[PDB]
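Asks: Once you've had a glance at the structure underneath, I'll fire off some questions.
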Amino acid sequence: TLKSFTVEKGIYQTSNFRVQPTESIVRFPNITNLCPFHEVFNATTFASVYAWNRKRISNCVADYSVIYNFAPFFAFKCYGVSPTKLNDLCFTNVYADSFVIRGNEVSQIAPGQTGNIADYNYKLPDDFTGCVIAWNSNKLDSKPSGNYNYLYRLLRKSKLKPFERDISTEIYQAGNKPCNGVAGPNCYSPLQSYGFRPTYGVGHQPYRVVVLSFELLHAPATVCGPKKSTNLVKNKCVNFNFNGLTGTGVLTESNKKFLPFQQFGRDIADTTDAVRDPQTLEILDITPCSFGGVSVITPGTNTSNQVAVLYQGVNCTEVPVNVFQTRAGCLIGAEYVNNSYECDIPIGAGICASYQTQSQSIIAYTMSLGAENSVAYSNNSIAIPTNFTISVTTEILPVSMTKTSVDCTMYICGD
Amino acid sequence: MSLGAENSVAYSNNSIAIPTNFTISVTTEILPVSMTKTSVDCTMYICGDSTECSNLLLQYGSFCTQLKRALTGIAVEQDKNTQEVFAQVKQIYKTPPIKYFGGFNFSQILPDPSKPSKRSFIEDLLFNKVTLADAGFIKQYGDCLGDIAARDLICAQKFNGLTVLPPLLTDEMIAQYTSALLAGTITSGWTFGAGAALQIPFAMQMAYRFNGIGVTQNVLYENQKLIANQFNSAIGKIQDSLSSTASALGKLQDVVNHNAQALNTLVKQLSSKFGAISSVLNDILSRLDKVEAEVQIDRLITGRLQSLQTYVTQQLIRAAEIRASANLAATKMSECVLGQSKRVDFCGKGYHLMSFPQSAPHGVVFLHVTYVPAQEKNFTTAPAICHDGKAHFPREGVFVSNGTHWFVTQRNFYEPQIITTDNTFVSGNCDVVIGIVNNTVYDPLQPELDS
Amino acid sequence: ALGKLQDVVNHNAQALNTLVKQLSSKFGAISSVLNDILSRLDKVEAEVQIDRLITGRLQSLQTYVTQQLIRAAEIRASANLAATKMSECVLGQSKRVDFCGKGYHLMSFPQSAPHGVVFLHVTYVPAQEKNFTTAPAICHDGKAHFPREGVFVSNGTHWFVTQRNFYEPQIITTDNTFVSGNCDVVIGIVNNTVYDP
Amino acid sequence: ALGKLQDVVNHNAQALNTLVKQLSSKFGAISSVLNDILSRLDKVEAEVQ
Ligand SMILES: *[C@@H]1O[C@H](CO)[C@@H](O[C@@H]2O[C@H](CO)[C@@H](O)[C@H](O)[C@H]2NC(C)=O)[C@H](O)[C@H]1NC(C)=O
Ligand SMILES: *[C@@H]1O[C@H](CO)[C@@H](O[C@@H]2O[C@H](CO)[C@@H](O)[C@H](O)[C@H]2NC(C)=O)[C@H](O)[C@H]1NC(C)=O
Ligand SMILES: *[C@@H]1O[C@H](CO)[C@@H](O[C@@H]2O[C@H](CO)[C@@H](O)[C@H](O)[C@H]2NC(C)=O)[C@H](O)[C@H]1NC(C)=O
Ligand SMILES: *[C@@H]1O[C@H](CO)[C@@H](O)[C@H](O)[C@H]1NC(C)=O
Ligand SMILES: *[C@@H]1O[C@H](CO)[C@@H](O)[C@H](O)[C@H]1NC(C)=O
Ligand SMILES: *[C@@H]1O[C@H](CO)[C@@H](O)[C@H](O)[C@H]1NC(C)=O
Ligand SMILES: *[C@@H]1O[C@H](CO)[C@@H](O)[C@H](O)[C@H]1NC(C)=O
Ligand SMILES: *[C@@H]1O[C@H](CO)[C@@H](O)[C@H](O)[C@H]1NC(C)=O
Ligand SMILES: *[C@@H]1O[C@H](CO)[C@@H](O)[C@H](O)[C@H]1NC(C)=O
Ligand SMILES: *[C@@H]1O[C@H](CO)[C@@H](O)[C@H](O)[C@H]1NC(C)=O
Ligand SMILES: *[C@@H]1O[C@H](CO)[C@@H](O)[C@H](O)[C@H]1NC(C)=O
Ligand SMILES: *[C@@H]1O[C@H](CO)[C@@H](O)[C@H](O)[C@H]1NC(C)=O
Ligand SMILES: *[C@@H]1O[C@H](CO)[C@@H](O)[C@H](O)[C@H]1NC(C)=O
Ligand SMILES: *[C@@H]1O[C@H](CO)[C@@H](O)[C@H](O)[C@H]1NC(C)=O
């Protein structure tokens, strides 16, 4: 810590000690069902863009590593999560959306985007977490005469709020005259067909889009995947895993009055203070494992190589990862003597340490304020000096320091 | 707003006002000396137990070593402040078991051995009035490990890597130093601060103190019971004011409150995202892949490092202020307690006589005993007196007249005396002083020579 | 003895050494050498890495300047104190207790030191002490006599008057005492004779 | 003679002028004007700037 080979007399804060964990705990709900990605990722016909189907997925084990064999897509484009980490963590609710768009509008399926699909047909929230899966479907959604099954809504009266669906088909008016259900002057039908052909370019091919949205709430985890559960171990420094969140600490029984809808207890510094077991209906505490500071008390290396160690703020029967217990921690390597000298190395609340010859060893003592005196006071007694001494002392005061100038362009950049 | 009452002093070129009585007043001065010592583990605060965060934190260089050095320097400086204020005496003087200091009652400021802590009545009142946060200088991880009732603020502060260190001198040692200074001040006077303690009776020490402020020492010996009663009533008023109102100790309460509030802000800054997707490091580590979690973790590292740097800079500025106040308290202990100070409005308002230190949490309390003139009266004055073609000037004093006869009296108390050649001196004649008057000057040799 | 001036030297050396050592850090970039970043990457990516290095080095330089400002405040407070000590101890005689050394101040001498000043304070310390019996006043012919500038002491049989800081006993005389009132009000007045020359 | 009080005035004026002039810097973004950033780009890129 001092980056040197000789140290001077004093007390130095070197490092910090910590109790290492010894066990790993994984706590997951007992779910055996398998999530039906098979019934979603292939179909004869997907739904249209204006009338997209929403499928609720709950209470199953979700394997996301199988999705690659099911459709020929390149990118498993996720936003709030990562595709490779979808099995470790786990969710509350999963929703699946299905529609077929043109390849020009694949980039419109993203949070904070506008256009034609994103403004009228399918709008994503700004704080969206989840994955968007899209792949080419020229083989199944193209005809030489033209595929008119898929339709998109051209324009609306106002912009669409996120995750909303519009089915009703009323004739739009952009003027003063009423249309009266007849597409005459200034009257347009809102729905227009894609009309897919195999002779089209690479940007106008049909594209099947499946959007998986993950609900990351504080509710009990209804749907999540295959993690092997571990038996519950209490009163030990463990590495727990409660429904996908990791941590390190001890788990104890609690007397907190959790309401039946409450699952977690939060701290002021926004960390999980209490947790509920997903298998049994019992709440637990999370207290971090034992730690503190370590200070090394030494004389100079030209005197001795002996040291004493001070574990600050630790009851000394709890020490491991001469023993004397002070109010600043406990001291290992220095013996307490029933004497009082001047303070040499300051430790704590009235305790000092020194290197004394009574074999040389490091001792700890209570510091002495000075000699005891009692002036002989009386109501008719005075003391008057008869001589004098002339004493010359020395006072040292700093006045000025080194003047420096820094060239910031040469420091930061250097030509 | 009102600046005060309007006053108009009746000024004239031959009118003077001289006090005929006095009061003994005891005031109270409160000064902060030291503040709470803290140490911060930057690795546990920024990261905790995350090894990826630690390996990303090592790329920032020595932004932790110099924060540690600054906090260590502040912690050493606080103990130096307490040592330079209180440890100004070489020996622990003891007061005698007899408690007759000339009728002055010092029982409220002297220690009582019946208490487990040898502190006076006023020191106990001062320690009870300044409420404390009960910081973690006493060992506290045994209390934090046992989850009883709710979670305290200090347990969260300790869990997040913020540690409070205990001061080197305990409150018993501060009270012992204060008791030694008090015992030396009553028993010896100012002699114990300039060498060895020379004993003197307290009445004669007070006569020396009155000679310091310009009053003849016969004023004390003829008014010893009145001065003792005034001192006792002033000490009782100090006791009643400290028992009733606790708003005087706002400086020490602010010293406690600022250091609680800064640590609370430092803990509350861990809930912030700083532009990342989560404030929890484990959620970022278990939610995204290596590169993107590295990006979010670096954003969190930058935010937490900035908040820690802001805390250290504010602590350095507060340490500069506290060191200035401790230097002032050391000067006041050297000059008010160990001696008698002629500087105006230093050592209390009035004419300073004595002072007494009293220990308080995070500071010191001075009880300044001063002399205040009370009841004045109008007179007629002259600069000199013409007598036999000579101009007489007073040696120490002032010429006053009660309408018909001319006297000479000292300035700070009305004690009129016959004008004599012993208390006057001659310089020149009567043709140069403006405002001279005609009067006779007594000669003590003539009636002794004629008899 | 000169540890204060030694610490003034040491802090200003250590701050510059830390500022030099801070140039070897990466601050999240792929390298700390700037030419390696410029040669190994194109314009946009090297702009990103250089921006990280610029932010880190600018923050370290700001930390150095703020620390220098606070140390300058401390040094200016100490220099103001040394100027007051030069004006009051060297250029005069000071009645302030524990200013200008411990004892009763007589003289002071300045000496120049690196980054500071050294004061040699010449003081007066009483040495050898003696117990005496004392009194506030002395009754004589129904009058109370107080000392002019001194204190009444007794060697056991005779009564003298002496100065307070040096044992120089003298005969009690109406020249060195003054009269105020009778002997019925002072607590502790003793009976003795007062010499009339 | 009153250069100390003049310096007390001048330091405050210079500090506030520097604080106003610091609003014209880009700090690595594409523009120092906030509405120009908000109109030129979409949500994510403007959030970075
Ligand atoms: C000087 O002031 C004191 C009080 O400051 C006066 O003492 C008071 O006298 C009255 C009348 O005798 C008593 O009722 C009070 O109890 C006294 N106060 C005490 C003893 O604290 C004193 O009389 C004044 N002297 C002159 C000459 O006016
Ligand atoms: C001014 O003070 C003098 C001295 O005390 C007063 O003179 C005395 O007055 C009383 C009362 O009348 C007489 O009994 C004394 O004989 C006087 N002493 C003398 C003349 O030496 C004088 O009355 C005072 N003048 C005032 C108050 O106007
Ligand atoms: C106290 O001091 C007086 C003054 O000197 C001492 O009296 C003298 O003592 C010497 C020594 O015997 C005699 O020669 C003188 O004749 C004495 N002079 C007078 C005027 O008495 C006295 O002895 C001292 N007492 C003590 C106890 O020290
Ligand atoms: C899961 O475990 C809980 C508690 O042991 C039990 O009540 C529940 O019936 C279990 N569910 C299944 C499907 O086994
Ligand atoms: C697509 O899913 C359907 C659903 O039953 C299944 O019959 C079909 O075999 C799947 N396609 C392939 C290529 O496996
Ligand atoms: C929902 O109702 C509001 C009425 O405030 C209307 O403006 C909006 O278009 C409706 N949305 C759908 C999808 O029907
Ligand atoms: C904690 O330390 C105190 C102080 O010595 C002691 O009384 C107590 O028993 C300790 N707690 C333990 C050992 O659990
Ligand atoms: C003076 O001191 C003696 C002994 O120390 C004591 O007996 C006496 O009471 C004191 N005088 C007064 C007036 O109390
Ligand atoms: C002194 O005061 C009186 C009354 O106020 C005045 O008449 C007189 O002129 C003053 N003396 C001088 C020298 O002005
Ligand atoms: C001194 O004051 C205390 C408390 O005010 C009182 O109890 C005590 O009697 C006083 N001392 C004397 C000698 O009267
Ligand atoms: C002195 O005289 C002035 C004016 O005559 C008067 O206002 C004042 O009350 C008198 N007394 C004192 C004590 O100043
Ligand atoms: C004072 O006396 C002298 C001589 O006796 C005389 O000349 C002078 O006028 C007198 N002064 C006053 C003010 O009466
Ligand atoms: C004075 O008397 C006290 C007690 O009677 C004694 O301890 C001391 O040694 C004597 N001498 C001096 C010089 O103080
Ligand atoms: C002093 O002398 C007077 C009379 O001469 C007498 O009344 C008094 O008692 C004496 N003092 C002592 C202490 O004996």
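Our numbering is plain: 1 for the first residue shown, then up by one each step along the chain.
Recorded method is electron microscopy, 3.1 Å.
Using the three backbone atoms N, Cα and C, a Cβ is placed for every residue, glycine included.
Per Swiss-Prot, the feature disulfide bond maps to C:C89-C:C100, C:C139-C:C183. Taken from Swiss-Prot, the feature N-linked glycosylation site covers C:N131, C:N155, C:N191.
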Asks: Which of C:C89, C:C183 (the disulfide-bonded residues) has the most other Cβ atoms within 10 Å?
Replies: C:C89
Asks: Can you go through the recorded positions C:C89, C:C100, C:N131, C:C139, C:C183, C:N191 and pick out those with a C-beta less than 6 angstroms from ligand 3?
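Replies: Going through C:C89, C:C100, C:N131, C:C139, C:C183, C:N191 in sequence order, none turns out to be close to ligand 3.
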Asks: Could you tell me which of the recorded positions C:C89, C:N131, C:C139, C:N155, C:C183, C:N191 sit with their CB under 8 A from some CB of chain A, listed in sequence order (or 'none')?
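Replies: So the ones by chain A are C:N131.
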Asks: Within 10 Å of its Cβ, which one of these disulfide-bonded residues (C:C100, C:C139) has the largest number of other Cβ atoms?
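Replies: Neighbour-count leader: C:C100.
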Asks: When the Cα-Cα distance from C:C139 (disulfide bond) is computed for each of the recorded positions C:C89, C:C100, C:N131, C:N155, C:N191, which gives the smallest value?
Replies: C:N191
Asks: Among the glycosylation sites listed here, C:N131, C:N155, C:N191, which has the most company in the form of other Cβ atoms within 10 Å of its Cβ?
Replies: C:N131
Asks: Need this for a regression test: recorded positions C:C89, C:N155, C:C183, C:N191, filtered to those with Cα within 10 Å of C:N131 (N-linked glycosylation site). What's left?
Replies: C:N155
Asks: Between C:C183 (disulfide bond) and C:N191 (N-linked glycosylation site), find the distance joining the two CA atoms and give it rounded to the nearest Å.
Replies: 10
Asks: State the Cα to Cα distance, in Å, between C:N191 (N-linked glycosylation site) and C:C89 (disulfide bond), rounded to an integer.
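Replies: About 45 Å separates the two Cα atoms.
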Asks: Round to a whole number and give the Cα-to-Cα distance in Å for the pair C:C89 (disulfide bond) and C:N155 (N-linked glycosylation site).
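Replies: Between the alpha carbons of C:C89 (disulfide bond) and C:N155 (N-linked glycosylation site) there are 39 Å.
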Asks: How big is the Cα-to-Cα gap, in Å, between C:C100 (disulfide bond) and C:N155 (N-linked glycosylation site)?
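Replies: Computed Cα spacing between C:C100 (disulfide bond) and C:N155 (N-linked glycosylation site) is 36 Å.
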